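Inspection log for the structure reproduced underneath, given as C-alpha coordinates.
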Amino acid sequence: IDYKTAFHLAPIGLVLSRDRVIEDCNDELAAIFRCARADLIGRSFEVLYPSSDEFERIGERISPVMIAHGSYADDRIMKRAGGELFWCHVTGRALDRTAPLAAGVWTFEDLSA
Amino acid sequence: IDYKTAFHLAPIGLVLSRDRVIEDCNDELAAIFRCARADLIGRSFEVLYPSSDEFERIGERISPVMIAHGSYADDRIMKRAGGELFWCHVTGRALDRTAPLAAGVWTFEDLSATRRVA
Ligand code: NA
Ligand code: NA
(Lines give C-alpha, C1' and ligand atoms only; values in the text may rest on other atoms or scores of the structure.)
(Ligands and ions follow the chains in the order given, each with its own letter.)
Protein backbone atom coordinates (compact mmCIF):
# COMPACT_ATOMS: atom_id res chain seq x y z
CA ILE A 1 0.00 0.00 0.00
CA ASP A 2 1.53 3.31 -1.14
CA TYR A 3 0.70 6.69 0.43
CA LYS A 4 -1.86 7.57 -2.25
CA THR A 5 -3.73 4.28 -1.79
CA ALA A 6 -3.58 4.75 2.01
CA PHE A 7 -5.11 8.23 1.72
CA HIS A 8 -7.93 6.95 -0.48
CA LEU A 9 -8.63 3.66 1.37
CA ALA A 10 -8.53 5.27 4.85
CA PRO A 11 -11.48 4.38 7.15
CA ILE A 12 -11.89 8.05 8.17
CA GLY A 13 -12.55 11.18 6.11
CA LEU A 14 -9.25 12.81 5.17
CA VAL A 15 -8.63 16.25 3.68
CA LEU A 16 -5.63 18.12 2.32
CA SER A 17 -6.69 21.72 2.82
CA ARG A 18 -5.41 25.19 2.03
CA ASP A 19 -7.06 28.36 3.38
CA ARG A 20 -10.14 26.33 4.50
CA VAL A 21 -10.69 25.01 0.99
CA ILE A 22 -10.67 21.25 0.31
CA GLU A 23 -7.84 20.62 -2.21
CA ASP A 24 -8.06 16.83 -2.01
CA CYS A 25 -10.18 14.41 -0.02
CA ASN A 26 -11.00 10.69 0.11
CA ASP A 27 -14.21 8.74 -0.62
CA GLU A 28 -14.86 8.31 3.11
CA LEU A 29 -15.18 12.10 3.39
CA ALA A 30 -17.58 12.14 0.42
CA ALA A 31 -19.55 9.35 2.03
CA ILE A 32 -19.87 11.05 5.42
CA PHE A 33 -21.24 14.17 3.70
CA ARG A 34 -23.43 12.15 1.30
CA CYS A 35 -21.87 13.41 -1.92
CA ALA A 36 -19.15 12.67 -4.46
CA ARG A 37 -15.46 13.52 -4.14
CA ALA A 38 -15.96 15.80 -7.16
CA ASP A 39 -18.52 17.85 -5.18
CA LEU A 40 -15.86 18.58 -2.54
CA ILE A 41 -12.71 19.29 -4.55
CA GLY A 42 -12.06 23.05 -4.52
CA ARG A 43 -14.95 23.52 -2.11
CA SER A 44 -14.82 25.73 1.00
CA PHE A 45 -15.20 23.85 4.31
CA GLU A 46 -17.99 26.44 4.91
CA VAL A 47 -20.48 24.28 2.98
CA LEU A 48 -20.04 21.37 5.44
CA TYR A 49 -20.97 23.50 8.46
CA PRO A 50 -24.57 23.98 9.62
CA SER A 51 -24.28 27.68 8.77
CA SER A 52 -21.78 30.33 7.63
CA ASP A 53 -21.84 31.69 11.19
CA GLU A 54 -20.75 28.25 12.48
CA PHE A 55 -17.94 28.10 9.91
CA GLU A 56 -16.80 31.52 11.21
CA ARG A 57 -17.22 30.73 14.93
CA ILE A 58 -15.38 27.45 14.76
CA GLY A 59 -12.58 28.98 12.65
CA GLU A 60 -12.00 31.45 15.50
CA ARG A 61 -11.95 28.54 18.02
CA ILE A 62 -9.45 26.60 15.88
CA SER A 63 -6.87 29.37 15.36
CA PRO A 64 -5.65 30.03 18.94
CA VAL A 65 -5.58 26.30 19.82
CA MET A 66 -3.72 25.36 16.62
CA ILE A 67 -1.23 28.23 17.05
CA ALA A 68 -0.61 27.39 20.74
CA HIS A 69 -0.36 23.60 20.42
CA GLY A 70 0.47 22.76 16.78
CA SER A 71 -2.55 20.42 16.52
CA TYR A 72 -6.30 20.58 16.95
CA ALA A 73 -9.21 18.25 17.79
CA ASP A 74 -12.86 18.76 18.67
CA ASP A 75 -16.35 17.42 18.25
CA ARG A 76 -18.95 19.55 16.47
CA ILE A 77 -22.22 19.41 14.61
CA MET A 78 -21.76 19.31 10.83
CA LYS A 79 -24.16 19.18 7.86
CA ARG A 80 -24.54 16.48 5.20
CA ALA A 81 -25.63 17.26 1.65
CA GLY A 82 -29.41 17.42 1.92
CA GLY A 83 -29.22 19.12 5.31
CA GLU A 84 -28.96 16.33 7.91
CA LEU A 85 -27.07 17.50 10.99
CA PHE A 86 -24.73 15.10 12.81
CA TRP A 87 -21.93 15.02 15.38
CA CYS A 88 -18.50 14.81 13.81
CA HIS A 89 -15.07 14.36 15.42
CA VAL A 90 -12.51 16.54 13.59
CA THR A 91 -8.70 16.72 13.96
CA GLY A 92 -6.20 18.93 12.17
CA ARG A 93 -2.54 19.65 11.81
CA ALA A 94 -1.42 22.81 10.07
CA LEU A 95 1.75 22.74 8.03
CA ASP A 96 2.84 25.84 10.00
CA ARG A 97 1.10 26.38 13.36
CA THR A 98 1.46 30.16 12.99
CA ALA A 99 -0.67 29.80 9.81
CA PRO A 100 -3.30 27.57 11.45
CA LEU A 101 -5.98 27.80 8.77
CA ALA A 102 -3.61 27.61 5.79
CA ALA A 103 -2.26 24.35 4.28
CA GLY A 104 -3.06 21.42 6.57
CA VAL A 105 -4.17 17.82 7.03
CA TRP A 106 -7.71 17.37 8.42
CA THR A 107 -9.70 14.33 9.57
CA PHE A 108 -13.44 13.83 9.87
CA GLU A 109 -15.30 10.94 11.54
CA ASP A 110 -19.07 10.51 11.95
CA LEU A 111 -19.96 10.00 15.63
CA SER A 112 -23.63 9.06 15.05
CA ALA A 113 -22.40 6.06 13.06
CA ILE B 1 0.89 18.67 0.56
CA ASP B 2 1.70 15.39 -1.20
CA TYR B 3 0.38 12.03 0.01
CA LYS B 4 3.62 11.11 1.76
CA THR B 5 3.71 14.37 3.81
CA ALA B 6 -0.03 14.02 4.57
CA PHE B 7 0.66 10.56 6.01
CA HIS B 8 3.58 11.76 8.10
CA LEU B 9 2.08 15.03 9.36
CA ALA B 10 -1.41 13.62 10.08
CA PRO B 11 -2.85 14.66 13.48
CA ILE B 12 -3.73 11.01 14.29
CA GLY B 13 -1.67 7.82 14.32
CA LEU B 14 -1.60 6.10 10.94
CA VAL B 15 -0.38 2.61 10.08
CA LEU B 16 0.09 0.73 6.81
CA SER B 17 -0.18 -2.87 8.02
CA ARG B 18 0.22 -6.37 6.61
CA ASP B 19 -0.84 -9.45 8.62
CA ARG B 20 -1.06 -7.43 11.88
CA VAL B 21 2.50 -6.15 11.42
CA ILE B 22 3.27 -2.42 11.13
CA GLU B 23 4.97 -1.84 7.77
CA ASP B 24 4.89 1.95 7.99
CA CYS B 25 3.63 4.48 10.51
CA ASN B 26 3.75 8.19 11.26
CA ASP B 27 5.28 10.17 14.17
CA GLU B 28 1.89 10.59 15.88
CA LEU B 29 1.72 6.80 16.23
CA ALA B 30 5.25 6.79 17.70
CA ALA B 31 4.24 9.64 20.03
CA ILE B 32 1.13 7.82 21.24
CA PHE B 33 3.14 4.70 22.09
CA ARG B 34 6.04 6.71 23.57
CA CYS B 35 8.70 5.36 21.23
CA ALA B 36 10.49 6.05 17.93
CA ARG B 37 9.04 5.28 14.50
CA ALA B 38 12.06 2.96 14.11
CA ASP B 39 10.80 0.95 17.11
CA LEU B 40 7.51 0.24 15.31
CA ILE B 41 8.59 -0.52 11.72
CA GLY B 42 8.30 -4.27 11.22
CA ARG B 43 6.69 -4.60 14.65
CA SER B 44 3.67 -6.87 15.33
CA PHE B 45 0.61 -4.95 16.63
CA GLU B 46 0.74 -7.53 19.47
CA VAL B 47 3.30 -5.46 21.42
CA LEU B 48 0.90 -2.50 21.61
CA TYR B 49 -1.91 -4.50 23.30
CA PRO B 50 -2.09 -4.92 27.09
CA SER B 51 -1.29 -8.61 26.50
CA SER B 52 -1.04 -11.40 23.90
CA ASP B 53 -4.48 -12.61 25.01
CA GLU B 54 -5.91 -9.14 24.24
CA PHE B 55 -4.17 -9.06 20.87
CA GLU B 56 -5.84 -12.45 20.09
CA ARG B 57 -9.27 -11.57 21.59
CA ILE B 58 -9.48 -8.26 19.71
CA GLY B 59 -8.27 -9.90 16.47
CA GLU B 60 -11.25 -12.29 16.73
CA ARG B 61 -13.62 -9.32 17.28
CA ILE B 62 -12.20 -7.35 14.33
CA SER B 63 -12.45 -10.23 11.85
CA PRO B 64 -16.20 -10.83 11.50
CA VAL B 65 -17.02 -7.09 11.61
CA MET B 66 -14.41 -6.23 8.98
CA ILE B 67 -15.51 -9.15 6.75
CA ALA B 68 -19.21 -8.23 7.01
CA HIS B 69 -18.91 -4.45 6.67
CA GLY B 70 -15.54 -3.71 5.03
CA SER B 71 -14.58 -1.32 7.86
CA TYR B 72 -13.94 -1.41 11.60
CA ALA B 73 -13.94 1.08 14.49
CA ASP B 74 -13.76 0.70 18.25
CA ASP B 75 -12.35 2.03 21.49
CA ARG B 76 -9.95 -0.19 23.43
CA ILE B 77 -7.24 -0.15 26.04
CA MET B 78 -3.71 -0.28 24.59
CA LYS B 79 -0.19 -0.27 26.11
CA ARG B 80 2.49 2.42 25.75
CA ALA B 81 6.21 1.57 25.70
CA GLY B 82 7.00 1.28 29.42
CA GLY B 83 3.65 -0.34 30.19
CA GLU B 84 1.17 2.51 30.73
CA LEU B 85 -2.34 1.39 29.78
CA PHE B 86 -4.60 3.91 28.03
CA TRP B 87 -7.78 4.24 25.96
CA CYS B 88 -7.34 4.45 22.20
CA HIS B 89 -9.85 4.92 19.40
CA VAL B 90 -8.91 2.67 16.46
CA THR B 91 -10.31 2.42 12.92
CA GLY B 92 -9.31 0.09 10.08
CA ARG B 93 -10.03 -0.70 6.49
CA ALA B 94 -8.63 -3.90 4.96
CA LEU B 95 -7.51 -3.81 1.33
CA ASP B 96 -9.76 -6.88 0.86
CA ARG B 97 -12.58 -7.35 3.40
CA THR B 98 -12.30 -11.15 3.01
CA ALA B 99 -8.70 -10.88 4.24
CA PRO B 100 -9.61 -8.59 7.16
CA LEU B 101 -6.29 -8.82 9.04
CA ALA B 102 -4.05 -8.77 5.95
CA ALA B 103 -2.93 -5.53 4.22
CA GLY B 104 -4.82 -2.52 5.52
CA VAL B 105 -4.87 1.07 6.71
CA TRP B 106 -5.27 1.61 10.47
CA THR B 107 -5.72 4.71 12.63
CA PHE B 108 -5.03 5.30 16.32
CA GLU B 109 -6.04 8.25 18.47
CA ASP B 110 -5.19 8.71 22.17
CA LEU B 111 -8.33 9.39 24.17
CA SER B 112 -6.39 10.57 27.26
CA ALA B 113 -6.83 14.32 26.62
CA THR B 114 -10.18 15.92 27.54
CA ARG B 115 -12.38 16.08 24.43
CA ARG B 116 -12.87 19.64 23.20
CA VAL B 117 -16.44 20.34 22.15
CA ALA B 118 -16.28 23.31 19.74
NA1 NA C 1 -7.00 25.01 5.57
NA1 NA D 1 -2.77 -6.13 9.16
Side-chain angles (χ1 to χ4, degrees), chain A residues 1-33 36-43 45 66 70-73 89-97 99-100 102-110, chain B residues 1-33 35-45 48 62 66 70-73 88-97 99-110:
Chain A
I1 303 177
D2 62 23
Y3 297 109
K4 179 160 187 182
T5 303
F7 180 84
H8 285 299
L9 180 79
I12 78 302
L14 291 177
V15 168
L16 311 187
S17 73
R18 183 213 288 175
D19 302 334
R20 317 188 77 192
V21 182
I22 297 166
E23 303 201 306
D24 201 352
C25 71
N26 61 7
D27 278 349
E28 185 67 30
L29 182 79
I32 292 173
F33 291 91
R37 196 176 116 248
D39 294 312
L40 294 164
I41 300 307
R43 187 88 70 157
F45 277 134
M66 181 74 85
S71 66
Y72 182 86
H89 185 235
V90 175
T91 83
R93 178 168 266 122
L95 245 52
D96 176 353
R97 69 182 177 125
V105 178
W106 290 84
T107 79
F108 295 81
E109 182 178 10
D110 185 341
Chain B
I1 306 174
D2 69 8
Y3 295 111
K4 179 161 184 204
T5 308
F7 178 86
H8 287 293
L9 95 331
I12 61 175
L14 292 177
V15 169
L16 311 187
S17 73
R18 190 204 298 177
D19 304 330
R20 318 190 77 190
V21 178
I22 293 163
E23 305 279 85
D24 199 358
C25 73
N26 62 7
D27 276 354
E28 183 64 35
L29 186 77
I32 292 171
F33 291 93
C35 62
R37 259 190 61 238
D39 295 312
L40 295 167
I41 306 291
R43 196 81 79 147
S44 175
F45 277 130
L48 307 181
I62 293 170
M66 181 75 85
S71 70
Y72 182 87
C88 188
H89 184 241
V90 175
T91 80
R93 177 164 278 130
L95 192 45
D96 181 344
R97 68 177 176 125
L101 292 175
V105 173
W106 291 84
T107 75
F108 301 77
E109 179 176 22
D110 190 348

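Lettering follows sequence order; numbering is per chain, from 1.
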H89(B) and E109(A): CA distance, side-chain angles, deciding distance, side chain to side chain contact (heavy atoms under 4.5 Å, CB included) verdict: CA-CA 11 Å; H89(B) 184 241; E109(A) 182 178 10; 2.7 Å; yes
Main-chain N/O of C25(B) paired with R37(B) side-chain donor or acceptor, under 3.5 Å: yes
Separation of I1(A) CD1 from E23(B) CD (nearest 0.5 Å): 9.5 Å
Under 3.5 Å: donor-acceptor pair, side chain of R93(B), backbone of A10(A): yes
Residues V105(A), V15(A); criterion side chain to side chain contact (heavy atoms under 4.5 Å, CB included); working and verdict: CA-CA 6 Å; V105(A) 178; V15(A) 168; over 6 Å; no
Side chains of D24(A) and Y3(B), donor plus acceptor under 3.5 Å: yes
Test item: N26(A) side-chain N/O and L14(A) main-chain N/O as donor-acceptor pair under 3.5 Å: yes
Interatomic spacing from CD in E28(A) to CG in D110(A) - rounded to 0.5 Å: 9.0 Å
Side-chain heavy-atom pair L48(B), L40(B) within 4.5 angstrom cut-off: yes
Parallel, tilted or perpendicular: rings of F45(A) and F108(A) (30°, 60°): tilted
Heavy-atom pair of closest approach, residues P100(A) and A94(A): O-CB, 3.6 Å
Gap separating the OG1 atom of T107(A) from the CD1 atom of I12(B), nearest 0.5 angstrom: 5.0 Å
Distance, nearest 0.5 Å, that separates OG1 of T5(B) from CG of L95(A): 7.5 Å
Minimum heavy-atom distance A6(A)-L16(B), with the two atoms named: CB-CD2, 3.5 Å
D39(B) side chain to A30(B) backbone, donor-acceptor under 3.5 Å: no
Plane angle bin for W106(B) and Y72(B) - parallel if under 30°, tilted between 30 and 60°, otherwise perpendicular: tilted
Which atom of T91(B) lies closest to which atom of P11(A), heavy atoms considered: OG1-CG, 3.0 Å
Separation between OG of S71(B) and CG of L9(A), rounded to the nearest 0.5 Å: 10.5 Å
